[PDB]
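Here's the structure we're looking at; comments come further down.
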Ligand SMILES: Cc1ccc(C(=O)N[C@@H](CCC2CCCCC2)C(N)=O)cc1NC(=O)c1cnn(-c2ccccc2)c1C(F)(F)F
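In the deposited numbering, the protein residues as written are 4 to 171, 183 to 353.
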């Protein structure tokens, strides 16, 4: 029983959606699609509807479309955005040319919230706990976010948090030195670097490392954490990067307690464990949840891992119509979650 659809124009964009979804109004537009808020007549809840921009125009657009649907269909966790619905007005593979994605509608993001003023220590404990609980889940499936920043963390009035990616404040301000500079092997803990930058900003009300470019960014980071020692220099394979590092005048590591003055000492200790250059030594999400800073919230019996995720498609080079047929299969096979 294919539902009945209706059509309108919003900010120069045409939208065709089932009658289930009423009173659409624009929230935001980005590189890869635009979002509206809607009322879901079947649940009586507000939702977000994303219409992908030219989803099958090139091989790269088609693979990105497939990737976003595969990731959204996987996510079943309280602190990660989830898929409530996916539809197309198309009746056949042949007509298939538009993809719409439906999630919960959140109240605000942490960019909005910190721009107002800095947060209390109790609010920081609860927000960073929920981020790490979400990251333990996605990291357990070998999924890396890679673009964490305050605008990708969405909250309701009761402070319940979900990690999302809107797909665009500079990304470089939150990016791990090893992935920004390609200077060492990189794992899930690029995301723990971003969390440390975000937690500092929620506590102080100030961007920790507001670099103008990749060179200025590295200079601001090294002023806090210190120039690499001989033991970390051993692990850098890029001769360009090592030459550049060793061509700078040495800087000592600062005492974080002398930078974040009058913060909770357990908050300062956790920032010292997150903002380390050596990606082998940086704290994991699972280890961070057991840290004393989270004593009020930590429950080792309610921090679940994910089902395994098949990311073998990431290594494939296919034609537009192949990525399009794969995406069609995932729309057809979608099972909605419990009401
Ligand atoms: C409809 C929709 C569709 C797709 C996504 C989305 O996160 N896609 C990701 C998926 C994969 C990610 C992997 C790493 C972990 C996180 C997921 C992507 N880019 O591929 C989000 C929304 N929803 C929203 O994006 C949404 C839901 N409230 N709000 C919202 C936020 C703040 C204030 C008001 C509304 C928004 C928005 F950002 F637009 F404004």
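Ideal placement from N, C-alpha and C gives every residue a C-beta, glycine not left out.
Secondary structure of residue i, DSSP reduced to three states
| i | result |
| --- | --- |
| residue 76 | helix |
| residue 57 | coil |
| residue 153 | helix |
| residue 279 | helix |
| residue 24 | strand |
| residue 124 | helix |
| residue 48 | strand |
| residue 327 | helix |
| residue 234 | helix |
| residue 160 | coil |
| residue 41 | strand |
Cβ-heavy atom distance, residue i to ligand 2, below 7 Å
| i | result |
| --- | --- |
| residue 146 | Although ligand 2 was asked about, the structure shown includes only ligand 1 as ligands. |
Inter-residue spacing [alpha-carbon to alpha-carbon] between residue i and residue j
| i | j | result |
| --- | --- | --- |
| residue 146 | residue 78 | 11 Å |
| residue 336 | residue 64 | 12 Å |
| residue 314 | residue 206 | 19 Å |
| residue 311 | residue 129 | 7 Å |
| residue 135 | residue 318 | 12 Å |
| residue 307 | residue 132 | 9 Å |
| residue 285 | residue 214 | 8 Å |
| residue 59 | residue 37 | 16 Å |
| residue 48 | residue 69 | 27 Å |
Residue i Cβ short of 7 Å to ligand 1 heavy atom set
| i | result |
| --- | --- |
| residue 288 | no |
| residue 212 | no |
| residue 112 | yes |
| residue 15 | no |
| residue 169 | yes |
| residue 157 | yes |
| residue 185 | no |
| residue 74 | yes |
| residue 345 | no |
| residue 31 | yes |
Beta-carbon gap between residue i and residue j smaller than 8 Å
| i | j | result |
| --- | --- | --- |
| residue 151 | residue 208 | yes |
| residue 302 | residue 141 | no |
| residue 3 | residue 351 | The structure shown does not extend to residue 3, since the chain spans only 4 to 353, so no value can be given for it. |
| residue 156 | residue 113 | yes |
Inter-stretch contact (C-beta, 8 Å, three-pair minimum) for the stretch 43-52 and the stretch 100-118:
Note that the stretch 43-52 touches the stretch 100-118; at least 3 beta-carbon pairs, one per stretch, sit closer than 8 Å.
Using 8 Å as the Cβ pair cut-off and three pairs as the minimum, do the stretch 215-222 and the stretch 263-272 touch?
The stretch 215-222 is not in contact with the stretch 263-272.
Spell out a yes or no on whether the stretch 241-254 and the stretch 189-207 are touching, meaning 3 or more CB-CB pairs, one atom from each, closer than 8 Å.
Contact between the stretch 241-254 and the stretch 189-207 is present: three or more C-beta pairs spanning the two stretches fall below 8 Å.
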